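**Q** Here's a structure for you.
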Amino acid sequence: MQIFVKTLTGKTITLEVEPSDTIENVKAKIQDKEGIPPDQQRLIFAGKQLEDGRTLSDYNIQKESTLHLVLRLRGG
Amino acid sequence: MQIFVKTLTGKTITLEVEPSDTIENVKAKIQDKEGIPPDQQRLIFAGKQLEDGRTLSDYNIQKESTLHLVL
Amino acid sequence: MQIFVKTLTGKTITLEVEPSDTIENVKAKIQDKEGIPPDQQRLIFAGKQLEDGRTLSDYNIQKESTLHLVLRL
Amino acid sequence: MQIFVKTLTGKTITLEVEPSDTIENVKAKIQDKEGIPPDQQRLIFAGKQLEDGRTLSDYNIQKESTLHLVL
Amino acid sequence: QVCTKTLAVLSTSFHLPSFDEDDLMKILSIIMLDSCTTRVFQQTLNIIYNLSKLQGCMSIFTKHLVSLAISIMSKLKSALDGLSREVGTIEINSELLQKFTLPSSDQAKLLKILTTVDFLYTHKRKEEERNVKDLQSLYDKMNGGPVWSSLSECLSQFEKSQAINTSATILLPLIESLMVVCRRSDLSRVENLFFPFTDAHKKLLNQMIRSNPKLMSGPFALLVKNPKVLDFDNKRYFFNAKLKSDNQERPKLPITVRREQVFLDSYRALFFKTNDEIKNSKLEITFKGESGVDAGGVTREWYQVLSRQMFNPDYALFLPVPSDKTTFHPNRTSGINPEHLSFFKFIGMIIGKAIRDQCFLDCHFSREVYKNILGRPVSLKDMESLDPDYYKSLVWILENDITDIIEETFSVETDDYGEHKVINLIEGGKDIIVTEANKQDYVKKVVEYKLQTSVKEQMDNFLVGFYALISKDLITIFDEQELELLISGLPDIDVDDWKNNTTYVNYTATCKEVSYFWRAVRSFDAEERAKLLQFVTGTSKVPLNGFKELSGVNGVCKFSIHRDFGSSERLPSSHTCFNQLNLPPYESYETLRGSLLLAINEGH
Amino acid sequence: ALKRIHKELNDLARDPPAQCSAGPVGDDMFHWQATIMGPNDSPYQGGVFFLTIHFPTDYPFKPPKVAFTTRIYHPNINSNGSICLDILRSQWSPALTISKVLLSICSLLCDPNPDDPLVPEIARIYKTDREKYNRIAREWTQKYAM
Amino acid sequence: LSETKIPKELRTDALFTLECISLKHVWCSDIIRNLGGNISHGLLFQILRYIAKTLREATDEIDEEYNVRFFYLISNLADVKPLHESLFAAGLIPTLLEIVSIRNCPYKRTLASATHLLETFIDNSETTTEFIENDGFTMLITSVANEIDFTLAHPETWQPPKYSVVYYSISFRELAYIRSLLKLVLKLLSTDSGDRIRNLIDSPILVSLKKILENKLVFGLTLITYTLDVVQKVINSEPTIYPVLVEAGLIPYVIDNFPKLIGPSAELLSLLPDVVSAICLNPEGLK
C-alpha cells in the first residue's frame, strides 16, 4: 500500500510500503526523494518515536497513514 | 538533580548539580569529594570528552546521568 | 543571456552565459576577455563571493546582473 | 589539493596539502618525498621566503601553486 | 604636580609645610586663567586632588569652588539672556558671540569648575557612594537653576530660529556642565530637570553627537540613562564602541564545515569551545570542498547559510510566524529532540557573535523574542505580530463586545505529531467555561502561555547563550524596532531578481509602461523599495530564497502587474492577497514615478 | 599602468623562470620583491639574492627602479643596492618585461661589465686578478647570500 | 574678509602666505586650529558665509582673487586625512553648497572655484551622502541646465578670447563654470555606489548634455570631452541604464554624429575608444 510522510511545515511525500518492511526501508525510500541519510531522519507517528528494527506491522501502520519527519539533532 | 561519576576501577560517587552548573563546577565538586585536582580529571559521557567551559545541558546530561572519570 | 562584469581596476565587460553555466565557465570567459588566470580571479555578487563548483542559478544571477571582479594574494 | 614544488637545485615534484597546513608540514612532506630535513630546506614563493610558523592560508597559497626549493 | 604628589605621599604615610586659604585660592585661580589648556587643566586637577589629602584642604577647596561658580554663573545668566534675545531678533553680534566661542568664555570656566568639584568628590572611589549626598548639596549650593532655565530658553530659541544655522554648538560646553551636575544623582532637585531637558532638546543632542561622536565618551555618556533621546545612529555607534571597547586582539579560529550540514558541523565545531574563546575569536570559515574563496569572504556566506539552516522548520526548533514566513518564533515541540536546549543556546551565541561581527542576518524573530531579550514583559501587543488576525479576534473578545459566543474553556488543544493533547492554562482549566466574568484573565493566561510558558526553557537557554557574548545591561539600551534593525538591518529589496521573477497581464517585459515602472523602481532608495514591496505584498521582507518564493493567501504567488484602462489620473492600486499590482499606462516616466511614489507613501 | 602590471605578473605566474621569482609586497602592486639564484658556474652560484622593484606611475614608459637589497660583490653593483644596467638606464622600451629584466640581471651576474663599472674598486680588482675577484665574490656570497 | 580696515593687498598677501605654508602637511593642523576649521562656528566658516553673502548681494566688496585663494587653501588643508574629517564634521559641505546654489550670480570665477573645491572634497560614501541629503543633485541639475540654456539663448553675452586658437564662442567664464560642474558630475558618478546615480543622470541633465553635444562649435572640445566622459562613465557603471540614454536621444546622436564630434584635442582623442567601447556594451550598440 501507500503511506504519507510530512514535515513540520513543508510539503508532503508518498511512499509505496508494505507492513512487513522495517523502518529502515521507509527511511531509505525517504532518502531517494529528499536525500536525507537514514541516520539523520527521525520518523514519528501518533506522537511516539519509531525504531529501525521494528516494521509497519509492529506499529500497526495501515493505509493512508501520515507520519511526521524531523532532522536529527546530534548531540556529541 | 543528582548525577553519578564512575572510575575505571573505583566505586561510583554522587554529585548534586543543576543544568547551569559548568563542567568546571563538576570537577571542583569531584575535587572536594575526593581531592583530585580538576587538571587531573577527564570526564567522558556517551564516549565524548566533557569540556570545562560548557555545562551539563550542553551535552544532554540529565538526572542520574552516568559519567566516566579517567585520570 | 548576457551579464556584465565590472573590473574595479578598469572597465566593464559583457559575457554571454546561461544560468546552468558553472562559475568555472564564467572565470574562463573572463580570462579570455581580460587574460587574468582563473585562480587569480575573485568574483563578488551582492556582497558575497562565489564558489567555482556552484552555478549561476544557484547564486540567483539573472540577465543583466552585474558581478564585480577583484584580485587577492 | 595538489601543489607544485620545483627544486631549483634538483627535480620537480607534486604534493597534496590543505589550506590550514603550516609551512612546517609542507617541509616535512618535502623531507618525506626527498629526505632532507626541514631545517635545511629553503622554501620560496612569490619572491618571499616561507616561514615554518605560517601557513598556506596566511600566505594565500592557492591550488596548483608553484613553489621553489633551495637545498 | 610632582612636588605635591610627593608631599601628599609623605603626609599620608621632618617638618611639613602648611597651606593657607590664600594659597589655596591662588592655586585654584589657575583654572580661571585663559591659558588653562587641556594638559594644564589635567595637571591642575591632579595638583588639587593631591593637596586635598592634607587636613583642612578639602573644605577650603569646596568653599572656593562654590564661590567661583556663583560668581561666574552671575554673569552667565545675563550672557544667556542676551544671547537668547539676539537669536530671537535675528548675523549675530560678534561681541556677544566671542563671550561663548572664545576658550576664555565663562561657560568653559564653569565647566572646568564643575569638573574639578566632580573630580574631587569622585576620585574618592571608596567614598563616592556616600559622598554623593554632599556633592549634590554643594551643586545645589551653587543655585544654578536660573542658568539652566536660561540655557533651556536659548536652546528653544535656537530650535525656533533658522537664521543662526547650527550655531547652537557654541553652547556645547554649558550643556556638558549640566551633565556634570547630574551624572552622580539618581535618575531611576536637578534630577527632575535632567529628563525634561533631554526630552526637549534631543534634536540638538543627537545633532551634536553625530557631529562629534567622541562626546559620548565624555559627560554625554549620561544620556544612556534616557535611551529615548539617542537616535538609532548614535545609539548604534555608541553600542559598537562599547562592545568593541574590549579591543584585545582576536585570535584566529579556523574551522571547516560542510555546506549541506553547515548547521550541524558548526554546532559541533563551535558549541564545544569556551564562551570567552568564541567571544574573543575571529572566525575564519572554510567550506568543505570549496574553491576560490578567501578567509574573509567565506564568513559572510557561512553566516547566511547557517542562519538559513537554523530556522529550517524541519529541525523543529523554530516555526515561521503565520503571514510572516520570514520571521520565526521558537517551536514548542522542540522537546522531541533531547538536545534542543543546547541547540537553542548555540543559536543564542551565534546570534550574539553575528551582532558582534556586524554581519546582518535576514532572519527575523517575533516581537516576543525581542521584548524578552530586552527584558520587557510580553503582552498581547507581541501576540499581534505572531497572529495578526487572531490577535484581532482576541482583542475583540476582550473589549469590542461581551463575547459569550464560543464555549471555549481555559485550555488549549494541540496536535503534537498526530497526538492530540490538551494543556490547562490554569488548574481545572478544562472544565471552567470562558465567560465575560473571566475573559480578562482568560486572555492574559492564553497570551502568557503562548508567548512565555510554552517556550520557558527553550527561551531561557537562548537568552543565556546570547548573553554569553553581549552584556544584558549593554543591549537593553535599544528597543524592539532598534533591536530588530540591529540584527537584520534596513531591508534591501533587489531589483534584478524582482524583475526576472515577475508576471504580467496585458503587458510584456518589453512594454513601454513596464520599462517605465522598472526604471522608476531601480531609481528608488532602499527604504523606498521596501515601502513599495510592503504596499504590493503587505510585508517589507523579501522571501528567504528570493522573489521566486513570493507567497500569498493561497500559497506561492509571484509578483504580477496588470494593465488598468481607468483614468490615467487614477493612483496605482494593489491587492496584497495575491501580490497583484494594477497599474495605469502612464505616458511619461516622470508621471509614473510621481504616481507610484504617492501610492507607496499614502500606503503608510 | 595597472593593466600592464597585471599582465606582467600573470605572465610570470603562468611560466615563471626557475632562475628568479617575484611578487607584490604588502599587496602594493607597484612595490615588488624579487628573488634571484646565482647563475651556474659563477662565484655567486647557489646563493639567494633579494631585490626591491618600484614601478613608476607612468610604467612601462619609464624603467622600473630595481635595487639589490642583499649585499653582493660585483663591478656594476653598489653596496647600497643601486644597479648599473643598460636596459634600466638608456635602452628601456615599453616592449620589455620584468621577466626579461630579471633574466638580463641574472646574465649580468655571471657577465660583468668592467669597462663601465659602478664601484671602481671591484672592477679594478677584477681586471688585475680574476681569481681574487672570484674568491672575494664567493666569500661575500657565503657571508650574506647564503 | 569681514573687516574693511585691513588693506586688500595685505589681506591677499597674508592669504597667499597661509596657502604657501599649508602646502606642507606639517603645519596644516596648526592652520586648521588657528582658523577654527574643526568647529562649525570658526573663522573659516564665517569667511565662507561672508563670501556667500557678498556673492548674493552684488557689490564692489567682492574679491574674486581672495575667494579663489581661500578655496585653494581650504583644499590644501583638506588634503590631510584627519583635517579632512574635521572639516567634514564641522559642516563644510553645507556651506559650500550654500555658496554654489546661488542663482544668476555673474561671478562665474568664484562659483567655478567653489565647485572645484566641492568636487575635490567629496571623496567617500559619507561625503557623497552628505552632499545628496543637502539637495546636491537637484541643485547640480538646475545649475547645469540653466547655465547651458542661458548660454545658448544669449549670443550677445558671448565674448571669446583673442590672441589664441580656440574652438568655442563662449566667454570662457561660462566654459570654466560648466567644466567644473561636469567635473563634479563625474566625481559623483565615480564615488557613488550606483543605486543613486540614477537619481542624477535619469533627469533633465541628459537634455543639457545633448545640447552641449549638438552645439560643439559654441561650447568647445573641452566641454564635448567632458560630456562624452560623463556618458561613457555612466554607461560603464550601471550598464543597465543604457536604454535611458537612448530614450533621451543622446547615444543615438553620438553614434550618428561620431565623426563630427572628433576634434583636435588630446583628451577627446584619448577618450574616443572608451566611448566606442561603452556604446558597444549593448548588443544594439555593437550592431
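How was it done? The header gives electron microscopy, 2.8 Å.
Cβ from N, Cα, C; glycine included.
Feature annotation from Swiss-Prot assigns ubiquitin cross-link to A:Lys6, A:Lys11, A:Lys27, A:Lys29, A:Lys33, A:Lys48, A:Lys63. The feature domain 'Ubiquitin-like 1' is assigned by Swiss-Prot to A:1-76. Residues or ranges marked as phosphoserine in Swiss-Prot (evidence: experimental evidence): A:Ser65. Among the features that Swiss-Prot reports, (Microbial infection) ADP-ribosylthreonine is placed at A:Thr66. Look at Swiss-Prot and you will find A:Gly76 tagged as ADP-ribosylglycine, backed by experimental evidence. Swiss-Prot lists A:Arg54, A:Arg72 with the feature site 'Interacts with activating enzyme'. Look at Swiss-Prot and you will find A:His68 tagged as site 'Essential for function'.
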**Q** Give the three-state DSSP assignment (helix, strand or coil) for A:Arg54 (site 'Interacts with activating enzyme').
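**A** In the DSSP reduction, A:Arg54 (site 'Interacts with activating enzyme') maps to coil.
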**Q** Among the recorded positions A:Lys6, A:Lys27, A:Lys29, A:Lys33, A:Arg54, A:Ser65, state which ones have a Cβ less than 8 Å from a Cβ of chain E, giving them in sequence order; state 'none' otherwise.
**A** none
**Q** With the cut-off set at 10 Å between Cβ atoms, which of these recorded positions ends up with the most neighbours? Options: A:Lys11, A:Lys29, A:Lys33, A:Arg54, A:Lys63.
**A** A:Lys29
**Q** Using DSSP, break the domain 'Ubiquitin-like 1' (A:1-76) down into helix, strand and coil residues and give each count.
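**A** Going by DSSP assignments, the domain 'Ubiquitin-like 1' (A:1-76) contains 12 helix, 25 strand, 39 coil.
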**Q** Out of these modified residues, A:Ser65, A:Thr66, which one has the fewest other C-beta atoms within 10 Å of its own C-beta?
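**A** Among the modified residues A:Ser65, A:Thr66, the sparsest Cβ neighbourhood within 10 Å belongs to A:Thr66.
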**Q** To the nearest whole angstrom, state the Cα distance for the pair A:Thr66 ((Microbial infection) ADP-ribosylthreonine) and A:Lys6 (ubiquitin cross-link).
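**A** Distance (Cα to Cα, whole Å): 7 Å.
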**Q** Can you tell which of the recorded positions (A:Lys6, A:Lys48, A:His68, A:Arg72) has the fewest other C-beta atoms within 10 angstroms of its C-beta?
**A** A:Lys48
**Q** If you compare CA-to-CA distances from A:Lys6 (ubiquitin cross-link) to each of the recorded positions A:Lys27, A:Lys63, A:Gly76, which comes out shortest?
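**A** Nearest listed residue in space: A:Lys27.
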**Q** Write down the Cα-Cα distance for A:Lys48 (ubiquitin cross-link) and A:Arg54 (site 'Interacts with activating enzyme'), rounded and given in Å.
**A** 13
**Q** If you count the C-beta atoms lying within 10 Å of each candidate's C-beta, which of the recorded positions A:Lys27, A:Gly76 ends up with the smallest number?
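**A** Checked A:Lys27, A:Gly76; of these recorded positions, fewest Cβ neighbours within 10 Å: A:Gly76.
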**Q** Checking A:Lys27, A:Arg54, A:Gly76 - which of these recorded positions have a CB within less than 8 A of a chain B CB?
**A** A:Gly76
**Q** For A:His68 (site 'Essential for function') and A:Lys29 (ubiquitin cross-link), determine the Cα separation and express it in whole Å.
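**A** Taking the Cα atoms only, A:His68 (site 'Essential for function') lies 15 Å from A:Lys29 (ubiquitin cross-link).
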**Q** Rounded to a whole number, how many Å is the Cα of A:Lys11 (ubiquitin cross-link) away from the Cα of A:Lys48 (ubiquitin cross-link)?
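**A** Here the two Cα atoms are 21 Å apart.
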**Q** If I take the alpha carbons of A:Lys48 (ubiquitin cross-link) and the residue listed as 'ADP-ribosylglycine', what is the distance between them in whole Å?
**A** 24
**Q** By CA distance, which of the recorded positions (A:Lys27, A:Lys29, A:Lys33, A:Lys63, A:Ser65) lies nearest to A:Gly76 (ADP-ribosylglycine)?
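**A** Smallest Cα separation from A:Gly76 (ADP-ribosylglycine) among A:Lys27, A:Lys29, A:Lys33, A:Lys63, A:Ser65: A:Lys27.
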**Q** Find the shortest Cα-Cα separation between A:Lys27 (ubiquitin cross-link) and the recorded positions A:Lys33, A:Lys63, A:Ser65, A:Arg72, and name the residue that gives it.
**A** A:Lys33
**Q** Rounded to a whole angstrom, what is the C-alpha distance between A:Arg72 (site 'Interacts with activating enzyme') and A:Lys29 (ubiquitin cross-link)?
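**A** Cα-Cα, rounded: 17 Å.
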